[PDB]
Enquirer: 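First, the structure itself, so that you have it in front of you.
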Amino acid sequence: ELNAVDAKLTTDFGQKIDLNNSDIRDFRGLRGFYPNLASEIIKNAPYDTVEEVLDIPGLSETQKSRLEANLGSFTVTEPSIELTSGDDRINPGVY
Amino acid sequence: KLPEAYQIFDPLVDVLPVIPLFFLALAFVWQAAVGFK
Amino acid sequence: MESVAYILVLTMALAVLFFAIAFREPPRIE
Amino acid sequence: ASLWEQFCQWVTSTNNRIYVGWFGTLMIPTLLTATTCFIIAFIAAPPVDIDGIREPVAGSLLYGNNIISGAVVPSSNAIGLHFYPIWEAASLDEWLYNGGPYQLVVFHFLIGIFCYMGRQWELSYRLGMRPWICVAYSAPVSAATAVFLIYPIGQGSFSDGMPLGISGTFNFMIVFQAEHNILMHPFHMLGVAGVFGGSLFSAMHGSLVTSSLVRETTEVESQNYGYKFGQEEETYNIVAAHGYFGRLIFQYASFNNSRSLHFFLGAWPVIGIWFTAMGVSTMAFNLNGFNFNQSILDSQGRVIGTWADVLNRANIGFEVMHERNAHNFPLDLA
Amino acid sequence: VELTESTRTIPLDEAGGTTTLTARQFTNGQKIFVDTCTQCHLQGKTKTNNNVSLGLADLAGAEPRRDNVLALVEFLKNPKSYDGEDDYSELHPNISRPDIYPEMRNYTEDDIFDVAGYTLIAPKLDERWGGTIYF
Amino acid sequence: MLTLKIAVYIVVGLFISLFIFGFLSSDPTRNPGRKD
Amino acid sequence: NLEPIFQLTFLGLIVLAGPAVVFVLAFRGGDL
Amino acid sequence: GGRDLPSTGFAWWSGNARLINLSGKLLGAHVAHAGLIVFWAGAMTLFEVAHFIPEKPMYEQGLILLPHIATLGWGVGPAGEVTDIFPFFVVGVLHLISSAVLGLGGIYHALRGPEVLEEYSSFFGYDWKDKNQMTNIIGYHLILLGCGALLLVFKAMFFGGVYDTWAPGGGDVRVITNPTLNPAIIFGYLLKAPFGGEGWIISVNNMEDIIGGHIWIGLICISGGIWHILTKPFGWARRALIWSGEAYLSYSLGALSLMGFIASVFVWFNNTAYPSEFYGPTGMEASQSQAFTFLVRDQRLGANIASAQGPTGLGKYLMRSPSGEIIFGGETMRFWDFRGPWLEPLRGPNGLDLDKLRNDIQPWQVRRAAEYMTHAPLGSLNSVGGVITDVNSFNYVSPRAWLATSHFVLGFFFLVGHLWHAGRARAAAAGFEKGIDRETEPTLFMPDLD
Amino acid sequence: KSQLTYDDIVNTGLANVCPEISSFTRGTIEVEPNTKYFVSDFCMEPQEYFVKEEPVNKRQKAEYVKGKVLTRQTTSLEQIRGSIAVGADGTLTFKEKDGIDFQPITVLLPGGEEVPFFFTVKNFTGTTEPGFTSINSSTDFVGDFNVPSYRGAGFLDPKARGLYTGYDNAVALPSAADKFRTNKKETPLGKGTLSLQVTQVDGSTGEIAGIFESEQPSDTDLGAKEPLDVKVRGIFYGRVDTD
Ligand code: CLA
Ligand code: CLA
Ligand code: CLA
Ligand code: CLA
Ligand SMILES: CC1=C(/C=C/C(C)=C/C=C/C(C)=C/C=C/C=C(C)/C=C/C=C(C)/C=C/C2=C(C)CCCC2(C)C)C(C)(C)CCC1
Ligand SMILES: CC1=C(/C=C/C(C)=C/C=C/C(C)=C/C=C/C=C(C)/C=C/C=C(C)/C=C/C2=C(C)CCCC2(C)C)C(C)(C)CCC1
Ligand SMILES: CCCCCCCCCCCCO[C@@H]1O[C@H](CO)[C@@H](O[C@H]2O[C@H](CO)[C@@H](O)[C@H](O)[C@H]2O)[C@H](O)[C@H]1O
Ligand SMILES: CCCCCCCCCCCCO[C@@H]1O[C@H](CO)[C@@H](O[C@H]2O[C@H](CO)[C@@H](O)[C@H](O)[C@H]2O)[C@H](O)[C@H]1O
Ligand code: OEX
Ligand SMILES: [Ca+2]
Ligand SMILES: [Ca+2]
Ligand SMILES: [Cl-]
Ligand SMILES: [Cl-]
Ligand SMILES: [Fe+2]
């Protein structure tokens, strides 16, 4: 029986960048995201929908444009504390 | 590096520190010449 | 209860040591 | 005459069944303390949080270990190099949980073995002997000191001392190889030469003496009864042994001087063990074995593997798994 | 094989530009890399922050892409964050700050060009380049 | 704990003092050869 | 270049020096 | 004296033992050997100068003597930047020339000078059993040693100062105006436990303590020198000690073994007398630096490093020492006693201070931590830097590693030599160093054990 | 810790002690009806630990048992930042924000069972009764706080099993690998209740000290076993920014 993270890998989380669960290393593929925009996104999680990532308070016009450009790569799943607790979205012990 | 006036003896200073090893070896040379009395 | 077996063998070795020292065959010059 | 003089004559007396001596006046208490604490802990010590991550490791027989897996677990990484006697614990249970028994046993044992070496000198002096048996014993003492004190000092924690157990010893060695490549350290190669050669020379010497025993018994009784304790005459024919050995290899490679032979027998393993003890003591400061990883490149620049690269792969396999929960940051510097 | 001209041929700029290091340019780039970069760039990694390695994928993912020699030289003059937003001239060695990075003050533009070329060539000689710290 | 610390300190001090004063008690004389 | 050449010149001269002293003393009858 | 086995009783491989009673020849051997030491000092200094790239750190270039000169305040400025390369050259040149002079004298005494000095002069002639003369030589050399300590003091105070890595405004060469002569501090250093967090004398952490302790050492040595010139050993010392040349050698061997061990520990742990500017970071420093580097990086990424718990449940970045102090997390928990000039500004009374960590970290501290983390004293014997599983492209072994390993090895072998010579001196004084006498074999007159 | 330096504090255990205000202190901190005030350096120092033992009989009183800490003076929350808001009616709401707001603690109980638990004040929101126009000796902040799993999802058990890392089966027993319930690791977010009885208010400097009692579950070892109930009694201190 999958524990809970593998069950997340069954979902869209295991297919693309989850705005509520992906680690900040997972944003490096998106040009212009890591680290500033990626950290801003992780700080302002959770998001009910992918679209409210454009409603991050204090967001910037170039950041707005980049988020609109890469909306396709994003998904939103229920924020699992397995992936979130301990600031593991910032440093999950991977170097 | 060495001050500019001295860099023609740069390949000599390269070998200076190893001399006391040669002194230790020379002890054995001297004892071998005397037949290790 | 395998702890008992381990303790048993260790104690056997130690007792052998004490007897081999205290009750050794004396070396005698003859 | 005086009470103190009488005590001095008793302690330094050569008629005691076990020589005590002044070094013995320290050896006996410390060694007994270490032995009693070691036995008690090995049987019944509760689990110890060696890595300082609240991950206690069961070392004692009563907590599920056998003789092979049992150990006295090194003190916690949180302690580091701090002195942790019993009286600095809030309770005995805290002292046990943080690995205090390891520090107690190890410190007393080290004092005891240094005093054992001094006691060897002392008895040699009282008996009118030459004084250098203790010099030979200084090799095992150096090795034990390297693994119990010097390596923890250089690494900065008694948690990185050798555990007092069989499997703990193996764990120590595997991690040591992963971190220092001790196999590729020339001082460990000299230690291996020391012990392999010491066993070789022990086998040759014993076999050559046994081979050249003078006939003094019958075919029934043990040939050992041909020797009488304290006999003046020689019990084997060293000239026949020399003839055999100098024909086995060639004449001038064979000792015919028993004194030179026995000096060689003493010196070879002792020197080898000194070198390997210094190897561990200097790897304590992370001056490691040879690193030939990617030393051979082809003309384009692609790495050509050697056996050193395969060895490095094994080292990495050990390295990434050891103390799996203890590391937070990418480099294993501590 | 030899260290062929194709092996030494690397993208020169973002517009499809292409340059070929000479064997001497490559060897001096290697020497400079070993002298001053391998400190925290051994095998194309980044010891102090391995989210941003010297691997070709990391280099190409930067903003702008750094998998060409001009972008590499520009970074070595004016280092920036991976998304090109934060000025790292206080935090990464560069020839523009000889006062805090003296280990770099003796390097010419030719030297920086050579080390950038080597940074682009080394990945195709080592599959482990830019990987995990223990890898 | 303090009682233990004091007791250990006394025991260790006594054994060390024994060792020191013993080796100060003309130890070179205690041998089967020359006593000068 | 020439750095190894000069280095080996100094090294060889130094190396010969000690044996030269021992040889000269031995041949000329000096105390050894 | 004889120069072969029949006339001396010593084989060639113990030939220096033939010198035990030839005071002039022994003096020549000592003076020539001192020439060897000074020669190495000068030649190694010139080699290091020649192989010195003055804009690269000293510890990156395998230098062990230049850091000693830099620490004394010669040729360096703030943060250890090498201002003038000439003083290093001068130290080396002077040692080389003086070594020539010493070697000339040692050769003269060893080869042509008087064999023994006792019938030549009472002042220089000595007998090993002459207790007063031996204490006279002790006294002269104690006076000299105290003078050398006072030379260090004079350099630190009146001749431009010494390098102070703890200087405010940045580590710099500064003149020590107020050495601590307070004997409480100076001699309480000697009473500190040699364990973690106390660091018996290795923990001296400010040049005021170093200079004041050297003033005390100079005074102690000079007064002891006078005391030994003007007295003879007392009865208790006479009854406790072996009085022979080999015995004195063994005593010095024990002392040297102790000092070698102390120096190895000292260079491994102390970053005051061995500033990391010249010797690189200590292992403790590098571990703490890595923890700091990733605290800084992850905090910039947005991690709340005060509340982030690691996988085991302990704080990933911060945690408590067993005494409660706030310390870096991870394996570096063992190194929480570390103190360094780059890290103390972020330390509060309780340990690491959250406010300072969140808003007081300077870019120079980040640079310093990255440098120290990447120059951790880990390296292979063939000088491949980093952890042993790293590949061959980083040529670095810390000078601290070289010095600590070498001097632990030398300390050990000098302990061995002390054991050898102490045992031999005892046996020879009692007269059985040549073996058991068959006629009077002591064990034959002893009762049987059981 | 009084007003010393780290040199005076190191290796003493004072670093694990929350500061105390004074003795001649019976002040009150006036608050506006609907403004919020920052809490500067909030400290909690536990002193008593109780674990609710589970009887095997049934249906019978469980009787909290006093434990003793095996971990050393590593048990205190400090440098915590928070806020106190005054509701419309007069409610006082204490909200924890961040700081060193957790400590893993292991307590030994009579019988030999060692109980690790994640002592924390994380995300604690607590409230008083309405009609509080001041912070005084009667202020009781009773509320809830979150208790994360003691072991994180990156933890590996002695068989290298974990949640987002490690094996999902007992690899040492190839033919019985998937048989063990502990093959599935879990990190439930447990819940705690806390009360913060303010007993001492020095309104001039804004420092408040008092007593606390907290109720929370213990370590489950990634869901290996059922959590025990742990009760912590201690003291607390913090500065409230009036301006
Ligand atoms: C200041 C220190 C010191 C001094 C003055 C002496 C002096 C003496 N020792 Mg002694 N010793 C010392 C330290 C010292 N020792 C140490 C530290 C040890 C432990 C290893 C010893 C162990 C020792 C033994 C076993 C013996 C002596 C003996 C002697 C006497 C004659 C020795 C001789 O002729 O040299 C001869 C020199 C040689 C034969 C050359 C030896 C070369 C060594 C083994 C290797 C050198 C390695 C070195 C690091 C360089 C590496 C080279 C590398 C590049 C290959 C002499 C009075 C003899 C004695 O007891 O006399 C009565 C004797 O039997 N010593
Ligand atoms: C530091 C090392 C050292 C020193 C200072 C000495 C010193 C001495 N040894 Mg000795 N020895 C050593 C190491 C050393 N040894 C080692 C390693 C071994 C084992 C091989 C020995 C084995 C040994 C034996 C068997 C004997 C000695 C003896 C002696 C003494 C007489 C010297 C002599 O007549 O020979 C003469 C040698 C020569 C005349 C050859 C030339 C020597 C000169 C000094 C060479 C200098 C060259 C230098 C580069 C030139 C610069 C000059 C100037 C411009 C600076 C002397 C004081 C003898 C003794 O005890 O006397 C009673 C003795 O019998 N030694
Ligand atoms: C510790 C080292 C040392 C010691 C104890 C001796 C001892 C001795 N030497 Mg020797 N010498 C040495 C080193 C040493 N020397 C060196 C390095 C050289 C090379 C220059 C010489 C060259 C030498 C020669 C050619 C002769 C001696 C002679 C003598 C003997 C007579 C001394 C005398 O009365 O003359 C007088 C002493 C003085 C007038 C005192 C002068 C003190 C010095 C020179 C001034 C500097 C003092 C300085 C500030 C103090 C610290 C030194 C500094 C480096 C720290 C005597 C046993 C003579 C002998 O054997 O008689 C047959 C002899 O002919 N020595
Ligand atoms: C290298 C320097 C040096 C040397 C070789 C000597 C040598 C000697 N001194 Mg000494 N002394 C010196 C420096 C030196 N001194 C200085 C600088 C001073 C001024 C403070 C003195 C003041 C002094 C006095 C007052 C006396 C001596 C005496 C002696 C003689 C016998 C003492 C003894 O057995 O030692 C060994 C010491 C003991 C056997 C006592 C035991 C000490 C403790 C118990 C050992 C524990 C050490 C510990 C393990 C190390 C930890 C380090 C630190 C924490 C303490 C001896 C020949 C005696 C003498 O006969 O005078 C003519 C004597 O009465 N000296
Ligand atoms: C006794 C004896 C011995 C010993 C001997 C010895 C120990 C010695 C020595 C000696 C010595 C100890 C020496 C020396 C020397 C020195 C010199 C000779 C020098 C010089 C100089 C110079 C020439 C310099 C130059 C320079 C300059 C000026 C600067 C720049 C650089 C240069 C370098 C160029 C033996 C063992 C063999 C054996 C026999 C007996
Ligand atoms: C500078 C300095 C300092 C100072 C220091 C000092 C001041 C010191 C000292 C010291 C000392 C002051 C010491 C000592 C020592 C001692 C010893 C080392 C001893 C001993 C002993 C012995 C050896 C004995 C022996 C014996 C016995 C056991 C008995 C019998 C007899 C005999 C003799 C055998 C300080 C740190 C502050 C700072 C830094 C720097
Ligand atoms: C490539 C060919 C093989 C190369 C071999 C190299 C090794 C050869 C031996 C190395 C030198 C050994 O040196 C040897 O020492 C012995 C000790 O017994 C001494 O032997 C000799 O001593 C003296 C020489 O002065 C003679 O009077 C004496 O009769 C003779 O025994 C000599 O000094 C030398 O013969
Ligand atoms: C024969 C040789 C000579 C033997 C003589 C030596 C006798 C033993 C002396 C040991 C002295 C006791 O040492 C004393 O330990 C107490 C323990 O309460 C320390 O006390 C300090 O730390 C303890 C923790 O351990 C705190 O609880 C205490 O409030 C604080 O004052 C003192 O700082 C120290 O002075
Ligand atoms: O503790 Mn036992 O081994 Ca010495 O390296 Mn870091 O510390 Mn842990 O990690 Mn790998
Ligand atoms: Ca050169
Ligand atoms: Ca560098
Ligand atoms: Cl492990
Ligand atoms: Cl870590
Ligand atoms: Fe035998």
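Convention: sequence-line order gives letters A, B, ...; per-chain numbering from 1. As the structure lists them, so they are numbered: ligands from 1, and atoms in each ligand from 1.
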Enquirer: Report whether any nitrogen, oxygen or sulfur of H:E60 sits less than 3.0 Å from the Ca ion (ligand 11) (N, O or S, backbone or side chain).
Expert: yes
Enquirer: Confirm or rule out an N/O/S atom of E:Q39, from backbone or side chain, lying less than 3.0 Å from the Ca ion (ligand 11).
Expert: yes
Enquirer: Starting from the C-alpha separation in whole Å, work towards a yes-or-no answer on side chain to side chain donor-acceptor pair (under 3.5 Å) for H:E331 and D:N328.
Expert: CA-CA 7 Å; H:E331 279 211 307; D:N328 284 172; over 6 Å; no
Enquirer: Suppose we screen for ring pair (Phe, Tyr, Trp, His ring centres under 6.0 Å). Which residues come up paired with D:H185, at least two apart in sequence or across chains?
Expert: D:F187
Enquirer: Rounded to 10°, how big is the angle at the Ca ion (ligand 10) from G:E3 OE2 to B:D14 OD1?
Expert: 120°
Enquirer: Pairing donors with acceptors under 3.5 angstrom, does anything connect the side chains of E:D111 and E:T108?
Expert: yes
Enquirer: Using residues 5-16 of chain B as the side-chain source, report each donor-acceptor pair under 3.5 Å to any protein atom, sequence neighbours left out, with the distance given to one decimal.
Expert:
{"from": "B:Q7", "atom 1": "NE2", "to": "B:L2", "atom 2": "O", "distance (Å)": "3.1"}
{"from": "B:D14", "atom 1": "OD1", "to": "H:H51", "atom 2": "NE2", "distance (Å)": "2.8"}

